[PDB]
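Asker: Would you mind keeping the following structure in view while I ask a few things?
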Amino acid sequence: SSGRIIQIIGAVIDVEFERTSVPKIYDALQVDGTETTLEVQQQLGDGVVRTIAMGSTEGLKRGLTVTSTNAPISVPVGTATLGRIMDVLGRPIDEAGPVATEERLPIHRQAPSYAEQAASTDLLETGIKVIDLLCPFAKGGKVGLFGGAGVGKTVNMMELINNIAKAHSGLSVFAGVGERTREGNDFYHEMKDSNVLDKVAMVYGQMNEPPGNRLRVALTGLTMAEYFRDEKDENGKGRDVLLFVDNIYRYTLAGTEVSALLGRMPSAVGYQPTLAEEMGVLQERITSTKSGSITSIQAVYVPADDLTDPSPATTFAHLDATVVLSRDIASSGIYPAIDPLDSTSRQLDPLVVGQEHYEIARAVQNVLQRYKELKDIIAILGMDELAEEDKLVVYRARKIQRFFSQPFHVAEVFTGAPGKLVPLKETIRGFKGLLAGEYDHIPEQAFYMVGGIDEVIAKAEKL
Amino acid sequence: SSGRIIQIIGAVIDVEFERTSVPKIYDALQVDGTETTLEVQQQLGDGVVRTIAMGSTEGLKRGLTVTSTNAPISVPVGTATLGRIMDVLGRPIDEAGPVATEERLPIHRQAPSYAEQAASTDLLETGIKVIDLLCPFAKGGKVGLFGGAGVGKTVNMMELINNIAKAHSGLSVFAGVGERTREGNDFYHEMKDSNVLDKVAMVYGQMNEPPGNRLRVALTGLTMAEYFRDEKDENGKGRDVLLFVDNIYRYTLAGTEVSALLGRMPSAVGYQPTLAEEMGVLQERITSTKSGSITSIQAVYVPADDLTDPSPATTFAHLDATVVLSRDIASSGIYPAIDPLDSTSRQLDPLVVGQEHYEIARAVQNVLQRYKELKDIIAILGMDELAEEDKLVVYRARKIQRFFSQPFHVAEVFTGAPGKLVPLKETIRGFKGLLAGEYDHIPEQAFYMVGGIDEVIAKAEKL
Amino acid sequence: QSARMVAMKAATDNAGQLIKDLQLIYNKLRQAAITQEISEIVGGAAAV
Amino acid sequence: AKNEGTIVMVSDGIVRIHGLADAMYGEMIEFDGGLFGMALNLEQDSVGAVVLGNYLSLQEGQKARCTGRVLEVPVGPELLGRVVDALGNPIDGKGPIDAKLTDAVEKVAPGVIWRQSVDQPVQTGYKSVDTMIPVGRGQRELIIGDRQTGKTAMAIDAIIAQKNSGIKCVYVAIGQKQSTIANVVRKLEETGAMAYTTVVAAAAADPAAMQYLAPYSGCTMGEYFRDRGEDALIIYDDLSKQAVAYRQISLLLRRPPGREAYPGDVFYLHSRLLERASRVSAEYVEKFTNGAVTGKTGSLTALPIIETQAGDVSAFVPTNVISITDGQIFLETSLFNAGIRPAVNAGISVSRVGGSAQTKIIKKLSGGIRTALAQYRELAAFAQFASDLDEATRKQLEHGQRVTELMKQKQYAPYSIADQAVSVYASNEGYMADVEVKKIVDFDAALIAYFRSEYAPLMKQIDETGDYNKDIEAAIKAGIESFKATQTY
Amino acid sequence: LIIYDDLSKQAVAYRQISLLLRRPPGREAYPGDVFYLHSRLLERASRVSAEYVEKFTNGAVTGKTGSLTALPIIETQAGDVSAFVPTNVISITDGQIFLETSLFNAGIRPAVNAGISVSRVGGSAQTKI
Amino acid sequence: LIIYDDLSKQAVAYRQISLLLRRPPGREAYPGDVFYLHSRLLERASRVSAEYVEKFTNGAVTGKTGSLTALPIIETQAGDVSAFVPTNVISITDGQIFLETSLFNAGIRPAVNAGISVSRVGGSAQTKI
Ligand SMILES: Nc1ncnc2c1ncn2[C@@H]1O[C@H](COP(=O)(O)OP(=O)(O)OP(=O)(O)O)[C@@H](O)[C@H]1O
Ligand SMILES: Nc1ncnc2c1ncn2[C@@H]1O[C@H](COP(=O)(O)OP(=O)(O)O)[C@@H](O)[C@H]1O
Ligand SMILES: [Mg+2]
Ligand SMILES: [Mg+2]
């Protein structure tokens, strides 16, 4: 009934039980007298379980007792987890007090059925102009975020968190995989400052923790998001919820290091024998079921600038859209700096999104492409060349670039100006009018941070 | 006590002793009835020590007895070794009878402490053009030559021996050179007829000996150098003995050959797991303490002609002045074939060499580096296309590449041209004149194997 | 002037194609080298 | 007996111990000699243990006893100006260190709720890394490049420039020739920087345990000042040699191999060490000191150094360490040979903290450097044919050239805040459009020299305060005008 | 008519099982038996004679010829047909249909490159019209 | 005078023998002591002195110097000289003669590369003229 440690080499810990009762794969056990709980990763003979500890193993002698929980690591999930910071097992780390929730759920759950979820493409309207125009999302999709620091990535994430609750009454979950402590502290304080922390939950996995912790934290966030989805409102209707994953590249690296620790033979080029199976376990559960929906926004790191590398190749098979944040546009002063020529989607087709939207997006895209091809000439030898057509193309490109920006509701406090949740139809109509040539008289300065279409006109008539 | 052989694979032999008489590490043992001796390498418990045999293992079988000397391999050190040639255990092989010396020291000893470390302050001219300008030497330092097979390391070593050792008095030099026998036998003969064999000791091992002998040759030479420098004649010094080893790589090659048979797992390229410490414990003992001085020159082999190999890469940190030879320059006809770039010396400081020397060296390296990047442009577009400020750089780089060439005293059998010697001031004057734009009308074919500038002028006149 | 521009743009296109091919070869060689080294290391560790 | 153990193997520096039931991980052991040992792997029937010292005196059958104490080092303010090993023993031969208290070598960083943003700055005397890639108290940044490209010079100048700032410095050297360590210490002592500098040394002829456990001890000595409310700075001369030593030790334990033979957990090794350089909040300081210190924060700055082969930044360890730090400084071999002495590559070098770690005047004046360098990077290839370009682009190119040349400096001569500000203001305002490109360094040095003899009081106000005010701007402008009017370079 | 949605994923699954079965990695990306894994499958699609049909059916059916056609799909990375798996299946099939991505992004849909997509039995299957 | 047709085949046979016999493998799938294998053979070629001849012959012949010459042959793949084995053999001998395919197909026969081929004995092994 009770085990005892028999081997300790780095993280890996082999624990021996009775032959009859042996904890299953992925079950969790706790060592009496200490703060360490153990996780089962591989089962061997003689009733010997090979496990990975969830903390630091310094000061751990052999021959200690261990008690079996017989169930996977269950996290407390409920409405009391809103606005709290919790670690991999759910213990608060904000020094604010225990979470009042009693109901708990496992993190290792079977995937939904084949006909369990029925979906028709259905766009999720964020309210942001450029994203809803060029890279429409889809309830149940998975989105890849490209870009580093210095482009306001956190600002975009906060804006999405606020907008989902403002429009679709949707809560959000944040899961950090191998995050820096300084950045996590800054994010927490800034979200507290911006009055967004009340609608979001937090789960952090720090760099200084052993890989067994940074591996199984995405499931911990996913369990909370799934529970939020299945809370029935009066007259059903479930709920739409989001999930942010800080970096899935570090998720794959955590898997690789764990596989190396347990001794599995290397696969192809230095990657775990079992890599794809794991990423299907993660990514598949983010789907649009009948009673609700879960989307996901994920940041992706490309090793060695190699899309052929097995990790990005396994990643890109599940993505539905890619958002590329550019440092150049950020330096230009237009926020958001989302690139309007390198971002793609699988919903930007004439069928799902509607024809008019399709050709509007195509027209703005090749206009921007022409401007990109011409900006080298316009910057090296100036605009002194005489050609009316490309000059008009230049002016329209600049107007579109300024029009892509909009003010957010997160900066109202530091800025003093209000946000704008521009509906999609107004964006479509304004872009059609801009492409037609009706607004060839409005000054280009009248589109900066101007929200919808009409507002532009008044702003222009104000001048 | 006495043991027995229980296993033999090639060179590696492990001898099982009694319970309480297990010999310590490096406790040479004598095999009765044969001229072979064994040295302890590692312990394996149970009263078994895995050893390496010094000498051939042909003629021996399992079951033979062995007697423990309980002391490391000791060599004869004194004034009587001068003018004698001896094998690694110190047995004379010059057919000149025994050596009358009672003083003996072990070849395994610790390293000097941090307290007794002395600085190096005096320059040391050598007569070579490129070395005296781009890589100044200093007494008490460490010098290394880096090359791939067939690029001229030896010839340079013999020129250094002929150019400084024969002139400095009271040197008490030591020769640990190991190379193709033909090259060795000639040396002993050449040294004799010149009547300089009086103040030189030699330790030599061939390439055909089993790994036992090739492993411990350098330690013997180090012991003989350490004794000489430390001793002090009444009112006198240790004679500033000079050490020249031409066999540094074999040490590591034998180490990696026998590492697999000692049970050590493969590492990196496959080099042995303990490469760094094994190289350090030897490369440290060649130092100048406050009680003496040692000036050493080594030859470093570069396998497969890449400098990122773990064997030559570890040795860079252990040297003061580094000289790197390139195969391409050798194939181009320029001798000596030293890469002006990738060669540097710690003594190249404005406070040590002076002010003019530093500027000359930096300007030369700058010109060559600039020329290294103009090849692709010349290829794609014509030579004519590049501006004149780069035509000057190209022509000066070509002239400088040939002017660093000179004929040697030693290597007259190959080319048949008389040898030359150049003092430092002539080198400085010539390079100052060249970088200034003077000698811009002399064709680059007059800078080849011409040595001093006035010889350049005369050779150009002859054309 | 037109002919010079034609030659220059042909050179640019050739250079771009060469860059693409070189990048492909470099990635293939890098992955192959890593795999071969891993195989050798595993074989050596199994032999001992 | 639980304490009593035996020895069954002594080979290559690692000892397998029988018995010793109920031992501990990391718990030191006695070894029947002056040397002690560490218990890294606890197998079913034999404890493995490396030896901290010379293992040639250990033989089969010798005894060992478990102390029950985790490895600890002497720490305090009396270690300033001394040179020790990786265990805390003096080697400089200047007498014993009057130790006061010890601390553990393996600890954990403060939690997330116990941190604070990095606003306090750190100067290095280099105009290259103080206007483009600023460093702040608590930040962790990496210096990476090839061999013989001035990686140590940059690290040492930072320690030298911490005079008049009250930041204690620590220096760790792993896998170096003893003569190099001696010369470094001699140069530190020559300038007077040895007063606030502590040195931990682990040379090449030293067992891999002491080349592996040295940075941890250096960090432990560096943490004393942070918890007390004072600042500190630590530098690791190389983390590549430590990684090599760890690989050697693990391979001798036959732990599962991996890419480049590295063991399973290499990321954790450097992550846990490099996560301890942090800035703590005032509440944490008050709680730790039990109220003896109030209204003061702390900060530990880390500057690891890593060597790459042939310029390959995609190797295992460099990629592990790049993803951990908050910035990267890239030094290029080609730039070094080309004449760029501080040899920084501004294109790829990054700093995540950004302008939050600068004084007001530096932050105000820094933008004109980055703009000019970016424009020169874009327009560099047009040097051959420039007359056809319009005048604005030519002027941008000239400004880029002049700025790129101004970025050069000399080792062992750190600049102060006032000199940096004066130089950057003179560059931005355009007073050096007249001067020739080749003679930028001479003009800059002469102008700095004139001010420190003519406007030293202004410089004192800038140095202590650092605030930038209309009056300061007017004074700087008038002084530069006077120098340009009456002086000859 | 049988269609395999993706065969490269089958190769990946086989590689995973082989590597978990402690078999040696080898110097190639995939084990060497992937070739036989695909060949044993693609060999089973062929037309039989009327006599074999009658022989198997015990005379129930006469004068009718059976058939079976395969249309497997193989996934490539950046248009690299020189990899291990893609070149093993190209050499054991009677034709290839090369769908590009440059044409797909250019609007030409379906994107079929006639220059390199060929058939071997072509001209016999086609009707007279 | 002795000639070895190809020592590469001997190296392959030795690797075979030392692998079928359980010996740990090494760099390039080759085993240990390949350098020793190729060095203990070549070093047996030497020019002995008249004293050695007299002592070996027990005074039967006097005033004579023996000799022995060797010309081993090694083949390479893709025409590279920086391969690990070719260099390991170059470091043993007193010279090398390099034959280039590019020169062979161009009509230059015998194809000898002047730059990469050297002799270490030099003018000592020549007639006066
Ligand atoms: N700013 C500088 N100006 C001039 N020379 C410099 C400068 N920085 C470094 N050097 C030169 O570089 C050499 C020292 O290089 P350094 O020791 O910094 O490099 P490293 O090989 O990376 O260091 P280490 O191996 O000790 O970590 C000396 O020749 C020194 O004069
Ligand atoms: N100064 C020189 N002049 C002419 N030939 C040289 C010179 N230096 C080296 N060589 C040639 O380069 C070859 C290098 O031989 P050696 O140095 O003995 O081998 P290694 O470079 O492996 O030590 C010699 O055979 C010789 O022909
Ligand atoms: Mg050689
Ligand atoms: Mg260095």
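Note that the numbers count up from 1, one per residue, in the order the chain is shown.
Cβ atoms here come from the backbone N, Cα and C positions, even for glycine.
The annotation ATP binding site is assigned in Swiss-Prot to D:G145, D:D146, D:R147, D:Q148, D:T149, D:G150, D:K151, D:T152 on the grounds of sequence analysis. For D:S349, the entry in Swiss-Prot reads site 'Required for activity', with the evidence type sequence analysis.
Looking at the shown structure, what environment does each listed feature sit in?
Answerer: The secondary structure of D:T149 (ATP binding site), as reduced to three states from DSSP, is coil rather than helix or strand.
Sequence-distant neighbours of D:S349 (site 'Required for activity'): residues of the same chain at least 6 apart with a C-beta under 8 Å from its C-beta are D:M132, D:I133, D:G327, D:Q328, D:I329, D:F330.
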Asker: Enumerate the residues of the same chain, D:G145, D:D146, D:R147, D:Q148, D:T149, D:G150, D:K151, D:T152 excluded, that satisfy the criterion Cβ within 8 A of the mean position of the Cβ atoms of the recorded ATP site; list them in sequence order.
Answerer: D:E307, D:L331, D:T333, D:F336
Asker: Are any of the recorded positions D:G145, D:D146, D:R147, D:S349 near ligand 1, with a Cβ under 6 Å from it, and if so which?
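Answerer: What lies within reach of ligand 1, judged by Cβ under 6 Å, is D:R147.
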Asker: Given the binding-site residues D:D146, D:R147, D:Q148, which pass a C-beta cutoff of under 8 Å against chain B? Sequence order please.
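Answerer: Answer, by Cβ distance to chain B: D:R147, D:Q148.
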Asker: When C-beta separations to chain C are restricted to under 8 angstroms, which of the binding-site residues D:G145, D:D146, D:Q148, D:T149 qualify?
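Answerer: Qualifying residues, whose Cβ lies under 8 Å from chain C: none.
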Asker: Got a sec? Which of these binding-site residues, D:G145, D:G150, has the most Cβ atoms within 10 Å?
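Answerer: Answer by Cβ density within 10 Å: D:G145.
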Asker: Given the binding-site residues D:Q148, D:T149, D:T152, and counting only Cβ atoms in the protein chains shown, which has the most within 10 Å of its Cβ?
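Answerer: Selected residue: D:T149.
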Asker: Please check the binding-site residues D:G145, D:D146, D:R147, D:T149, D:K151 against ligand 4 and give me the ones with CB under 6 A, sequence order.
Answerer: D:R147
Asker: Look at the binding-site residues D:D146, D:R147, D:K151 and tell me which residue has the greatest number of other C-beta atoms within 10 angstroms of its C-beta.
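Answerer: Of D:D146, D:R147, D:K151, the one with the most crowded Cβ is D:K151.
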